[PDB]
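Chains as they are written, first to last, in PDB author numbering: chain Fm, 1 to 184; chain El, 65 to 100, 126 to 168; chain Dn, 51 to 100; chain Bo, 15 to 619; chain Fe, 1 to 38, 47 to 439.
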Amino acid sequence: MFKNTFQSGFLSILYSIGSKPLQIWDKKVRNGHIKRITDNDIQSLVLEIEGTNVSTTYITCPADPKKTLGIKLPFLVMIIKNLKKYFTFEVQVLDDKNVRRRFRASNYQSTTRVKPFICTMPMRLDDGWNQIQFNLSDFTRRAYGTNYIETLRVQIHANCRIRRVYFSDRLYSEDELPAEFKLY
Amino acid sequence: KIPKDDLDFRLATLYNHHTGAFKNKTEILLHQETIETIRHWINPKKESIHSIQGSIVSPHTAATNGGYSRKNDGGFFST
Amino acid sequence: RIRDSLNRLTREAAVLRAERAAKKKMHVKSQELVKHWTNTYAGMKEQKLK
Amino acid sequence: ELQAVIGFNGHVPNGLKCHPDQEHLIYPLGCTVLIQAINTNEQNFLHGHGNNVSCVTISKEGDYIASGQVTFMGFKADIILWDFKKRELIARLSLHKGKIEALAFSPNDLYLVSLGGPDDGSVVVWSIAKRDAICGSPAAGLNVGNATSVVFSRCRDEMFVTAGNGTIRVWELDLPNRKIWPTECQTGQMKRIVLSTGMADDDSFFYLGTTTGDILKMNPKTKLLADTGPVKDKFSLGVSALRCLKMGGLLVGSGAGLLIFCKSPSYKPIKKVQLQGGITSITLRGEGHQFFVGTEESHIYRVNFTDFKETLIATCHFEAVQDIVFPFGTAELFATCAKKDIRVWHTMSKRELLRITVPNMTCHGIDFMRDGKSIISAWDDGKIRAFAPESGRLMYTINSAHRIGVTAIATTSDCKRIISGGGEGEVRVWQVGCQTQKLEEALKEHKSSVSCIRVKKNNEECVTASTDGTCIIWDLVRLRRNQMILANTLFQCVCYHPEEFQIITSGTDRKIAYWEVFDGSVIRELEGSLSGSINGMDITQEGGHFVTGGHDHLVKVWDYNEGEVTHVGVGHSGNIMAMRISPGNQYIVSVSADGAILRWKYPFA
Amino acid sequence: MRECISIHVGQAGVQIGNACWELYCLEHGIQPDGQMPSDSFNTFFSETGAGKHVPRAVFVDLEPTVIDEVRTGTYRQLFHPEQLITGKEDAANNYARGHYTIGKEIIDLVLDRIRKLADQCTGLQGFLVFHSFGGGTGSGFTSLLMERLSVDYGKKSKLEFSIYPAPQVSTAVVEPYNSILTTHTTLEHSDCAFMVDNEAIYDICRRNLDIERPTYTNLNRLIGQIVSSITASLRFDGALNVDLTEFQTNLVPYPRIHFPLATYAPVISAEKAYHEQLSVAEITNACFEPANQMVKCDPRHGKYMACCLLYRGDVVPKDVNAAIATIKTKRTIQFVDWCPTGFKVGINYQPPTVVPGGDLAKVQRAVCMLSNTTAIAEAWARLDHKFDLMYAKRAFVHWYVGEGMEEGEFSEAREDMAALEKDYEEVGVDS
């Protein structure tokens with residue numbers, strides 16, 4: 001999907017406020033749960049994945065295993081809070097050698113291994129709510145030599161609160177960002 | 065069909081090497097020939138009576154008209 | 051076409067003659083059936099005159 | 015002679031009731047009753063009622079049957095007591111307003127009860143010793159709503175009137191005061207729309223099926239609510255058909271086509287079977303082990319009580335039917351078209367071979383091709399369709415044919431052209447091809463509707479029977495007009511004579527008129543039966559027989575040249591609309607409007 | 001190869017185009033899914057290698073209710089699934105909802121589809137917009153559109169087949185507010201404007217034709233036939249061929265008199281065609297009657313300034329010259345000094361086509377005409393009086409200042425119409 005779509009400045013998937021937010025994502029629950037409950041700080045609904053196990057409970061944005069979303073936009077931006085439990089998120093890309101690479105950013109590492117397909121990397125969230133801006137078109141220029149063409153799947157595993165998973169054409173500032181894409 | 069021993073042991077073995085455990089030779093090589126109103130049609134698009142477009146039939150039975158509408162400035166108005 | 055063009059008017063007359071003959075002959079045979087019918091008004095008048 | 019009754023009315027509740035000798039099934043039709051044996055001996059259509067029968071009740075011994083009907087606003091409506099030995103109209107009991115909603119018998123045979131009126135609702139009690147009313151009262155709670163059904167007890171004195179919108183009232187009957195006393199069964203917070211009722215054997219409990227789907231058990235002694243219905247899978251539509259057994263296992267049926275075995279503490283589906291169409295009648299054979307189900311779409315289901323296997327035994331249409339046509343060369347097939355539906359039949363053994371549905375629109379005309387390639391039909395959605403002969407595939411449709419619904423359709427013998435006329439009057443011609451189908455020219459003589467279109471044996475000319483007063487003969491090879499019949503009859507049927515000498519017209523004004531093929535010159539007029547109308551003519555291959563069918567029950571065999579009538583029209587008075595003879599000259603087949611297709615043998619004229 | 005782009009903005013635009021885009025399917029052999037069974049289709053339909061033909065038209069409405077009739081009706085396989093741009097909430101008779109805050113969202117999408125279609129035509133010749141004066145989106149979305157389209161492309165021609173509000177009958181309340189504001193747009197960033205109204209097509213639908221109860225599916229077919237007559241010479245062959253600048257240069261004398269009427273000559277039933285002879289001399293004369301104006305004015309009390317014609321069918325030009333000489337001889341028809349010719353003729357070699365279910369007969373001769381006349385200033389006088397009788401007590405203006413519009417532009421479009429009505433009589437007076 002998203003080939004014929006215009007793909008301008010801000011393209012968005014999975015707004016938490018919706019009649020069906022997870023209609024395109026395929027969910028596989030395994031010792032866990034998914035629902036829609038109200039956060040007690042921003043005071044509007046968020047999604048909720050938990051589970052004792054990090055790796056088996058997840059939602060994946062192309063529901064079809066064969067199909068991939070073609071988004072040409074540079075930056076992937078999410079709105080996920082910090083819960084002091086383990087949490088991962090993964091994408092694939094496509095580069096100019098017509099190869100599909102990976103970029104996993106998990107909570108519990110200290111070594112980035114530059115590797116052919118999987119460049120595992122750490123992250124560290126802050127104390128409260130935060131948004132994550134990802135910088136795809138420098139990660140595949142620095143670690144891998146290539147440049148950026150496409151981003152083909154996205155998949156988020158356990159223990160977070162999810163709202164507004166959107167792509168960007170650059171880095172916006174908080175005043176430059178529109179009214180809906182702010183946090184509060 | 066079979067042309068030799070190799071295609072005899074693999075053309076129909078019916079023995080997963082992964083799943084069959086602690087087997088025997090005859091249990092390896094096993095082929096499959098050892099083992100063995127009123128009718129109707131329904132229209133797809135359920136149409137509606139109200140969303141039809143041919144005409145708007147007159148309230149009076151205008152074959153023998155009931156409230157006389159003439160054509161404006163002389164003559165029959167309907168059909 | 052040009053060989054048979056010299057007789058173009060005779061077939062035009064022949065078709066009209068044939069159609070008029072067939073129509074009038076159909077009229078006469080239906081009049082035969084009508085005169086053989088028995089419950090006619092003028093036939094009932096003739097039987098009453100008898 | 016008379017044979018092969020086809021139709022059914024299962025549109026009103028409890029129409030099917032087997033009499034307690036468990037051999038013959040009585041069931042209504044459009045304006046009469048029918049009795050079928052095991053050998054399909056149609057017996058004594060019991061004549062009367064003036065209009066549509068709607069409600070049936072049978073005496074317990076098996077000797078009397080009583081059926082109500084429906085008339086205009088401010089007109090009476092007559093219960094008729096019949097027999098089951100010598101099928102004689104004993105008593106005409108005509109005292110209500112508008113129509114009669116319900117009838118019931120008493121177990122000792124002396125008493126009958128009647129509920130009547132959509133607006134003027136009342137209950138009356140009839141005695142059978144003298145064909146008169148004992149007493150009556152308004153059987154509808156003021157400040158409640160209306161009521162639907164009634165049933166007696168087995169105490170032979172107290173009878174129940176049943177909630178239309180939430181009134182449930184027991185009456186007790188006493189002879190010396192000549193009175194019925196109303197008490198109401200008070201319910202706690204429940205207000206249902208009750209829509210069926212049955213009674214247990216020992217008068218202990220009677221059951222009500224409601225529109226909300228839950229089965230209510232009652233107590234007629236306490237005059238209070240006895241038991242609620244199921245939670246967790248209440249039945250889908252309203253509960254339409256409740257029957258009892260000798261033991262305490264009630265048979266429920268819901269109008270979405272579901273049959274469930276049910277018991278009183280837990281209403282749980284021990285034995286369920288999904289049936290065809292909404293169930294509206296359950297009737298149980300007095301032996302107990304087999305019973306019958308009547309459905310809204312007119313299917314009669316013989317279903318065994320053990321193991322719950324079904325077997326359909328009678329099927330027909332369920333609105334006004336129109337326009338049968340035989341295939342040419344084959345006398346064994348029928349096509350019958352009506353509202354939303356087309357069916358392809360057999361002739362002899364009366365099985366149904368296929369059925370094709372448009373969802374909710376109306377059909378008007380059906381025709382075959384000259385070959386067996388396709389079946390064209392004309393529908394009221396502004397469209398002309400054509401269908402594959404087997405498997406019901408839609409070969410083509412025509413998008414915007416006329417301005418109103420296309421009424422009459424005709425086939426040319428070279429399988430290239432289809433002629434359509436509709437209520438607008440724009441007579442249109444369709445050239446078909448393998449790839450596409452196109453229109454050539456619109457002939458707009460007419461000012462009113464079009465009834466029938468019939469073309470010459472070798473295409474050259476056609477004729478358009480119309481309700482304007484003008485029947486045109488058109489020519490084919492050029493698109494212009496030859497001759498007009500101008501007459502004083504709203505035309506229904508115009509037929510060619512074999513050997514093409516003359517053309518014959520009928521209609522409302524009851525003058526079967528032969529017409530000279532030139533000038534539109536009238537020959538003679540032969541009258542209809544008496545003060546009815548006529549809609550369907552027929553001539554055989556030779557041209558000496560002449561079949562005529564119309565608005566009363568009379569189908570008439572006629573001699574061609576002279577006026578000789580031969581009546582075997584003793585069948586149904588639902589308005590016969592089309593009639594055709596088999597191409598083998600063996601059977602005459604007529605479609606009665608209220609769905610009934612009847613064939614008689616061929617007489618020599 | 002001589003292409004056009006035809007946008008339909010609003011509800012009335014989309015519902016006219018629903019009746020425009022089967023007349024083009026019936027002129028050619030294009031059946032509704034897009035597969036011709038058996047390049048004069050080129051101006052209107054592109055072709056795609058699976059046989060499938062696709063239109064050149066954009067459909068926009070800010071509410072999804074009307075486009076979703078098309079999207080599941082009879083013409084759903086024909087249109088491309090991004091020629092159908094939808095929204096959620098309408099503009100609701102407000103010009104500011106559409107041209108301002110809530111209407112600035114879909115303009116980038118409609119400009120993407122204009123760019124993505126105009127970048128594939130080999131030869132581009134201009135624009136045919138169908139937008140209603142009566143709308144809240146049909147008169148604000150287009151004024152948001154044209155001010156950016158004419159910055160992008162510029163010199164190419166703009167023709168709008170719009171719906172003028174009738175002088176007596178009207179079906180809304182703030183039409184004198186929404187009409188006056190869009191003529192601050194269409195004077196400067198537009199090059200022609202063909203208006204029609206709804207009362208006169210009912211008139212001409214019941215008097216020349218035996219239709220009781222006439223509706224919008226009777227309006228939209230005649231206004232589809234008019235545009236299929238104006239787009240005849242780019243698609244067919246004939247004696248005199250007039251192109252989309254060869255009349256639009258003829259028709260605009262001064263750069264603020266560009267408001268011409270339209271008239272279609274043969275309008276008659278299926279029965280009474282046999283009784284009229286239907287000659288070139290009489291269907292030229294039917295064009296110049298006061299009864300046959302699709303726009304409710306009398307041209308006699310004004311003067312035709314410049315004219316045009318669009319013939320079709322089986323004509324030969326000696327008849328047309330003998331007709332035009334009689335029209336110049338007559339005195340019901342009055343002109344001005346500054347155009348002594350006052351005529352322009354195109355011809356074609358194709359008859360009209362008869363869409364099934366239409367209430368017109370297969371006439372062979374067919375005429376259109378398109379007149380720059382100064383007697384539309386009377387209709388602008390009648391809608392001119394409607395404005396200050398509501399701005400005197402400042403009625404309804406909070407619904408405009410709420411959704412981003414200042415109050416003074418009412419006075420600006422007031423003096424704009426004042427200058428235009430100054431211009432018509434000043435160029436219609438004799439010298």
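Cβ atoms here follow ideal geometry from the backbone N, Cα and C, with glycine treated the same way.
- Within chain Fm, the residues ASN4 have their CB atoms less than 8 Å from the CB of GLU90(Fe), given in chain order.
- In the DSSP assignment, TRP388(Fe) falls outside any beta strand (DSSP E) and within the unbroken alpha helix (DSSP H) covering 385-399.
- Looking at the DSSP output, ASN329(Fe) shares a beta bridge with no other residue.
- Using a 10 angstroms sphere on the CB of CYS429(Bo), the tally of other CB atoms stays under 16, which defines it as exposed.
- Take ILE238(Fe), set aside five residues on each side of it, and the residues of its chain with a beta-carbon closer than 7 Å to its own are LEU318 and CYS376, in chain order.
- Taking the beta carbon of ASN575(Bo) as reference, the chain Dn residues within 7 Å of it are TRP87, listed in sequence order.
- For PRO122(Fm), the uninterrupted beta strand (DSSP E) run begins and ends at 118-122, by DSSP.
- With respect to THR140(Fm), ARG101(Fm) sits close: the two C-beta atoms are nearer than 8 Å.
- Between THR350(Bo) and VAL372(Bo), the gap from beta carbon to beta carbon reaches 8 Å or more.
- By the rule that beta-carbons nearer than 8 Å mark a contact, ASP76(Fe) does not touch chain Fm.
- Sequence-distant partners of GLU50(Fm) (beyond 5 residues in either direction) whose C-beta falls short of 7 Å from its own C-beta, in its chain, are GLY32, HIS33, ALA158 and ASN159.
- Within chain Dn, not a single residue places a beta-carbon under 9 Å from that of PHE89(Bo); the smallest gap is close to 42 Å.
- Residues of chain Fm with a Cβ closer than 8 Å to the Cβ of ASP116(Fe) are, in chain order, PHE6 and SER8.
- Rounded to the nearest angstrom, the Cβ distance from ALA422(Bo) to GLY379(Bo) is 5 Å, consistent with a contact under 8 Å.
- When C-beta distances to chain Dn are compared with 8 Å, the residues of the stretch 513-531 of chain Bo below that value are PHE515, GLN516, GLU530 and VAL531, in chain order.
- C-alpha of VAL139(Bo) to C-alpha of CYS199(Bo): approximately 21 Å in a straight line.
- Against chain Bo, the CB of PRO175(Fe) has no partner CB under 8 Å away; the residue lies outside that interface.
- Residue burial annotation: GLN506(Bo) is buried, with at least 16 other C-beta atoms found within 10 angstroms of its C-beta.
- Contact with chain Bo is absent for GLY163(El), since none of that chain's Cβ atoms lies less than 8 Å from the residue's Cβ.
- By the rule that beta-carbons nearer than 8 Å mark a contact, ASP367(Fe) does not touch chain Fm.
- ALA456(Bo) has a beta carbon lying within less than 8 Å of a beta carbon in chain Fe.
- For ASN132(El), the neighbours in chain Bo by C-beta distance under 7 Å run, in chain order, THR371, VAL372 and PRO373.
- With respect to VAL245(Bo), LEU256(Bo) sits apart: the two C-beta atoms are not nearer than 8 Å.
- Contact between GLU301(Bo) and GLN36(Bo) holds, with the beta-carbon distance rounding to 6 Å and staying under 8 Å.
- DSSP lists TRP359(Bo) as the beta-bridge partner residues of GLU366(Bo).
- Taking a Cβ-Cβ cut-off of 7 Å, the neighbours of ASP395(Bo) in chain El comprise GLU136 and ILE141, given in sequence order.
- DSSP places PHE418(Fe) in the uninterrupted alpha helix (DSSP H) bounded by 416-436.
- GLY130(Bo) is positioned such that its CB atom lies closer than 8 Å to that of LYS113(Bo).
- The count of Cβ pairs closer than 8 Å, one atom from the stretch 71-78 of chain Fm and one from the stretch 165-176 of chain Fm, reaches three, so the stretches are in contact.
- Along the stretch 170-247 of chain Bo, the beta strand (DSSP E) occurs as fully enclosed runs of 3 or more residues at 172-177, 183-188, 193-198, 208-213, 220-224, 229-233 and 238-241, listed in sequence order.
- Leaving aside the five residues that flank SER535(Bo) on each side, the residues in its chain whose CB is nearer than 8 Å to its CB run, in chain order, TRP529.
- Using a Cβ distance threshold of 8 Å, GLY212(Bo) and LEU30(Bo) do not count as a contacting pair.
- Taking 8 Å as the CB threshold, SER147(El) stays off the interface with chain Bo.
- Taking a cut-off of 8 Å for Cβ pairs, the stretch 112-120 of chain Fe and the stretch 170-188 of chain Fe do not touch, as fewer than three such pairs fall below it.
- Not a single CB atom of chain Bo sits nearer than 8 Å to the CB of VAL78(Dn).
- Annotation for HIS139(Fe): the continuous beta strand (DSSP E) segment containing it runs 132-139.
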